[PDB]
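Written below as structure tokens is the structure these notes are about.
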Amino acid sequence: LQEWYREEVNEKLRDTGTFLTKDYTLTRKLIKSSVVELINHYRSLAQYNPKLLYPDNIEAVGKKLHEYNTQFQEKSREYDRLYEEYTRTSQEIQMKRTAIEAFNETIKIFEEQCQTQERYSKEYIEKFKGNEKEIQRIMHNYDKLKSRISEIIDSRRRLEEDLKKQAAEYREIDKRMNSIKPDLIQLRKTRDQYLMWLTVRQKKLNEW
Amino acid sequence: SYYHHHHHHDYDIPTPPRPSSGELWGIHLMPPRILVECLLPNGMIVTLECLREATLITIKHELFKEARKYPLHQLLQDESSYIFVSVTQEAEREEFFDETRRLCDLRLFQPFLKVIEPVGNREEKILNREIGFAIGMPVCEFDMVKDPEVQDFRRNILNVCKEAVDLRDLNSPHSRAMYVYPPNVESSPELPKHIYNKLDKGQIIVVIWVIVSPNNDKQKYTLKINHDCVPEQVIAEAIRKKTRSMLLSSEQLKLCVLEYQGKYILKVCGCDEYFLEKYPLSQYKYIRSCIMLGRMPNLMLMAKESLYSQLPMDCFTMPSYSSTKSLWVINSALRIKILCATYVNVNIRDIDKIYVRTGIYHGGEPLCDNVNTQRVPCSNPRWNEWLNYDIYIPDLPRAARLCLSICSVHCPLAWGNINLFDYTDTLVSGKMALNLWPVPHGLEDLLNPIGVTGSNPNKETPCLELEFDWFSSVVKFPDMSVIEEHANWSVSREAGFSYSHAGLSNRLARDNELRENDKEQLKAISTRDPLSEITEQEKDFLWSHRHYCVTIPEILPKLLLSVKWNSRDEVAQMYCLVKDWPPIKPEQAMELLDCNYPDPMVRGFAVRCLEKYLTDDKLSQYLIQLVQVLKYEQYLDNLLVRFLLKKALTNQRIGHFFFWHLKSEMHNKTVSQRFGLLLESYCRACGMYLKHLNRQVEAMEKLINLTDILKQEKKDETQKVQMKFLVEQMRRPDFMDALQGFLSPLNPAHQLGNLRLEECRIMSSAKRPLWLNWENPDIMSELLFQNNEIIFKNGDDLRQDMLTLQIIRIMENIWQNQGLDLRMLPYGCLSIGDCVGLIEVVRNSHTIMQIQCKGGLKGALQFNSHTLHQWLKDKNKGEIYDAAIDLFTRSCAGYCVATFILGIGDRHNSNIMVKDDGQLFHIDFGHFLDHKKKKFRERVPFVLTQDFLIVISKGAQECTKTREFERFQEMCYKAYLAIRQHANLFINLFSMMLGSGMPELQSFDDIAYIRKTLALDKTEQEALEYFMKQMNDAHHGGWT
Ligand SMILES: O=c1[nH]cc(F)c(=O)[nH]1
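As they're listed, the protein sequences go chains B and A.
Quick note on numbering: the first sequence equals residues 328 to 329, 332 to 334, 340 to 350, 353 to 356, 362 to 363, 367 to 371, 373 to 374, 380 to 382, 399 to 409, 412 to 419, 424 to 427, 440 to 513, 516 to 585, 589 to 597 in PDB author numbering.
Quick note on numbering: the second sequence equals residues -26 to -12, 2 to 308, 323 to 409, 419 to 945, 949 to 1052 in PDB author numbering.
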């Protein structure tokens, strides 16, 4: 009677109806005369209690344990590396978005300043008429003010494009995570089954 | 030949998260002189050239002498009618009221200033900036939040903040000093037996100190009083001995004592700890250390009015923000319309087809989990189905929530969870816009309920919008009253059931007389740990005998996981047992604030436990776990928050760590809002400590920016060059301001005075951690430590250390207060940022490697096993020597057990350290519950080399066989078991930490390692032998 017959019970229940002090226990959607008698029968557990579908080389099955483990742990680094990029990008992105809001608010203060001077200066343009001496130098100041706001909107634009280029690269990172993920699970699932076929030799396995 | 001439064609030799931008946008450290456009009321743009570190006083006072050479001068008031303002990097227009501030310290976005006169004439109130700084997001960012809950939190939480400031000025100023300087005291007055016997039948020798004039000289009145006498008594005996005389009768003394006695309080020399209430001196921690360390206390008589001098009045101000229809009426099953995700980033090449898995949950789930068909797969994915959930709508528990996830063909893409009732008790009905969260590293599992409830605030993410069945009216949850009736009805209804029943497991049939085998299968379950999953039989067993289970309060944690929350019948009765269940010990109650106990009645109860039992000492022990448990609370405003907030406002030493633990996680947008709001509230009410926290914050920020430059620009330079740069920068005044007058956040009792830059330096590690060294500016520096030094480390995630060093601290107090003395040195460590923290330096200790580099002789042949012993002998000589080994033997023994139980990363010559006095202790623990086995054990990470074995048995040969080692080997057994009896706590502590994104704690099976290594499934005699066996096989001989 030795296919279905706590911690590594749950590790073989992971991701799959499934089933498997001093007697026996039946576990996924725990349950406490004979053993093989009762499981073949239930293979709907409603009618017992109100609220069971899924049950040669030696040394080169263990080199395949080394090989699928070099694949897996290279493949895991691929995942582990990209997750960081994914987050850094996310982060960097948002800092930009804030900067844009800050740029924006910088501009609004300056646009108001180019407005602010005309009220107070074009009272002094008409009162007295200071002559071409006074107003050539109130003209100089205003010349800068605008050519500065040029520079700011240049600077903000130049950022907004980069947001997109980052944002573009952001999407591309998740794209490739989501293709790498599913293969990573099978590479992992088979490397558990490959080591299950080997196991006693517990202590020979760590090098592969 | 080597490689079979295989070319790797691809490979080309050409080819710490970050980055927190610093003083100006896009640059870390602003150029030493810089140009800044000052904008005036008259629309004129000067462009002052300014030194990096110049104040706004300096800039204004000059700007109003360089604007005189520009037009329209008489359109500007006297400067004093004006104040600067500009855009910050957080992006707010911040009016600059503190003109003592410096230009580097402003966190400008672009280099410019604008003049105005102050609107919002309550100037005082626009020091929300202080709170905004402390928190690192502005308070106005909360004023703009629409959501009622958030605003309803802000206003209603002030209930708590008020009641807290009430309790402070109750019996003032004493009560104020009490808040500020709470007594640091062990929770038990009983003095452990090995501590006692260092006393000659209950006596310490102490040393009171005094000052008369000017402040200059001091004087040592060395008493010898009873361990279990109080500060008052001790203050007297000191004053007796100061003022005995030949010009004074006995009775004349008695009067001159009384009048002097209570004008003084006991300080500790060197740090701002004070002994301010009725406690046996033993019980105050400082004393109990001094006993253990072979030290004579150095206290101090400080004049109550020279202390009440210092405490400022907190000055708490209120801010500017000053028919239903029962769920049980609703007759239908639950259904939910899905509709369409939009932003779904997947390859149409690699991946086949995609769907939206959904479920209803309560921690673990109350129906069959369902999906939709795999529609418009990959390109433009849109469903428009109605998922039908086979739970009736009256059968929803209060806590329940929909969990969902978009999956592929098959593994998950994105997830998001929603509370089925809002915070006002109201079933969710209408249309929702839910933005998803990415899947974590370790999470393969398809759906993710342990994750945070609510939408992602990141806009550019999978926005899966959906619809909720709407019943013509606002569908609320029943009152308590309404739930009591249905419980009593379901009780009376149960009494007249009939003899037999198809599944009479749920019901009794034994009635008021239960069998004696049964009453002791319950207490047999009662004892078992949290992680031992329970069989349905046993649940139904418990659930039937539920009313006897009130005999055994401690059983509750199990009992609750027995109830089916999909049967409101059952649930309603549970609400009434729990209503008035016997209160339990806090160690068992905290289990009931983990993810598996999401109900609010349950969680209320669990607070009622803490309110009653949990002490300001034992709270401060477990604060980390309680702050992490906030993340499993459904709504902002709740009982646990109101508790912790209040304790924090009652006790300024908790307050302190409560800030930093929240402030620590402010980068992590799963809690940025929640914790923000909470910190705001704390910051508004804690009064003057805010100003102390604002200096600590200010300091940590300067350090962050510093290391950031070092780790990016100044790598690929010699240490030598980096070290020039470091000192050159610490020289500057904005730094000297920022880094000198403040409190250590590792422990705010210690002050940090001027920085000696002699002893400040960049360690050799590649992360570039800083070794900083401050003057202790206490009056009695001498009697504690003239120089205080701690390590700042930008780059590493501290919080796995932070936990293990906590866990160790607990194992020590477990062991030691059970009488059995293994001295662990859980050095101080504090996470304050993304990968930013602080580590207490332990002076006069070395890594075993350093020991061997010292004792290594001349020409590099081979290092000796004895070197350690020989270096340790050179330190400790005499009766001293024997005692230095006892210490070593005792610490080695604890650190053997602790290391093994936790499975912390393998120990070797570079991460085990030894002190001059001969205590051994581990640093730099790595990943804890065996995180490196995800790559392909039940490990021994402390494998005792020859080196230790020799030193253990005073230098013998073939050391494994001495008596010296039989002692040691016994300590290990006595220590292994002592923990095992408290293994529930250790489960619950790890269990509460799953809320953090620590990759070593992803879900309960991670924690399950600790079961096998404590061997809880066995009986104790088996464990001992399993432990012996596991210890024998790493060492290769010794353990029978
Ligand atoms: O039992 C208690 N009630 C109230 C308190 F403030 C406290 O510390 N302990």
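Yeah, the Cβ is synthetic: ideal placement off N, Cα and C, and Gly gets one too.
Where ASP549/A is concerned, the enclosing alpha helix (DSSP H) starts and stops at 545 to 554. Restricting attention to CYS257/A, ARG154/A and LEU244/A, the CA atom closest to the CA of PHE302/A is found in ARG154/A.
When the beta-carbon positions are compared, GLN643/A and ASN428/A come within less than 7 Å of each other. The alpha-carbon of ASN647/A is positioned some 12 Å away from that of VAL638/A. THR659/A sits in a helix when the DSSP states are folded into three classes. Counting other Cβ atoms within 10 Å of its Cβ, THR1025/A reaches 16 or more and is therefore classed as buried.
Under the 7 Å criterion on CB atoms, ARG557/B is classed as interfacial with respect to chain A.
The beta carbon of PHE744/A lies closer than 8 Å to those of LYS711 and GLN738 in the same chain, with the five residues before and after it left out. Contact of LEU424/B with chain A is not assigned, every C-beta pair being separated by 7 Å or more. Here the segment 162 to 169 of chain A does not lie against the segment 340 to 354 of chain A, with fewer than 3 beta-carbon pairs under 8 Å apart. By the Cβ criterion, the segment 664 to 677 of chain A is in contact with the segment 695 to 708 of chain A, since at least three pairs of Cβ atoms, one from each stretch, lie closer than 8 Å.
Residue-level contact by beta carbon holds for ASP349/B and chain A, with a gap shorter than 7 Å. Per the coordinates, the alpha-carbon of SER1015/A lies some 23 Å from the alpha-carbon of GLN630/A.
The Cβ-Cβ distance between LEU632/A and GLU474/A does not fall below 7 Å.
Nearest CB-CB separation between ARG544/B and chain A: not below the 7 Å threshold. DSSP places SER774/A in no alpha helix (DSSP H); its state is neither H nor E. Shown here, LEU570/B sits in a helix according to DSSP, grouped into three states. Assigned with DSSP and collapsed to three states, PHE355/B falls in coil, not helix or strand. Counted as a single uninterrupted DSSP element, the stretch harbouring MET1043/A is not any beta strand (DSSP E) but the alpha helix (DSSP H) occupying residues 1032 to 1047.
In this structure, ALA400/A and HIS362/A form a Cβ contact; the two beta carbons are roughly 5 Å apart against a cut-off of 8 Å. DSSP links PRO447/A through a beta bridge to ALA423/A.
Residue pairing of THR358/A in beta bridges, as defined by DSSP: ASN370/A and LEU404/A. Chain A has no Cβ within less than 7 Å of the Cβ of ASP540/B. A Cβ-Cβ separation of about 6 Å places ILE991/A in contact with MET820/A under the 8 Å criterion. Contact annotation for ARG832/A against chain B: no contact, minimum CB-CB distance about 33 Å [criterion: below 7 Å]. At a cut-off of 7 Å between beta-carbon atoms, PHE506/A makes no contact with chain B.
In the three-state reduction of the DSSP assignment, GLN329/B falls in the coil class, being assigned neither a helical nor a strand state. Against chain A, the beta carbon of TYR368/B has no neighbour under 7 Å; the closest one sits roughly 11 Å away. When the Cα atoms are used, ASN660/A and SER295/A turn out to be separated by approximately 20 Å. Residues of the segment 336 to 357 of chain A with a Cβ closer than 7 Å to any Cβ of chain B, in chain order: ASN345, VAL346, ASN347, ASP350 and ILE351. According to the DSSP assignment, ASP883/A belongs to the alpha helix (DSSP H) that extends over 876 to 884.
Nearest C-alpha to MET610/A among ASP589/A, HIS875/A and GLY29/A: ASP589/A. Interface criterion not met: the Cβ of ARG590/B is under 7 Å from no Cβ in chain A. Rounded to whole angstroms, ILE277/A and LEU156/A show a C-alpha spacing of 36 Å. Considering only beta carbons, the part of the segment 66 to 99 of chain A lying closer than 9 Å to chain B consists of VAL71, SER72, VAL73, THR74, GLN75, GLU76, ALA77, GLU78, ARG79, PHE95, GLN96 and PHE98, in chain order.
Among the residues facing chain B, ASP(-17)/A is not included, as its CB has no counterpart in that chain under 7 Å away.
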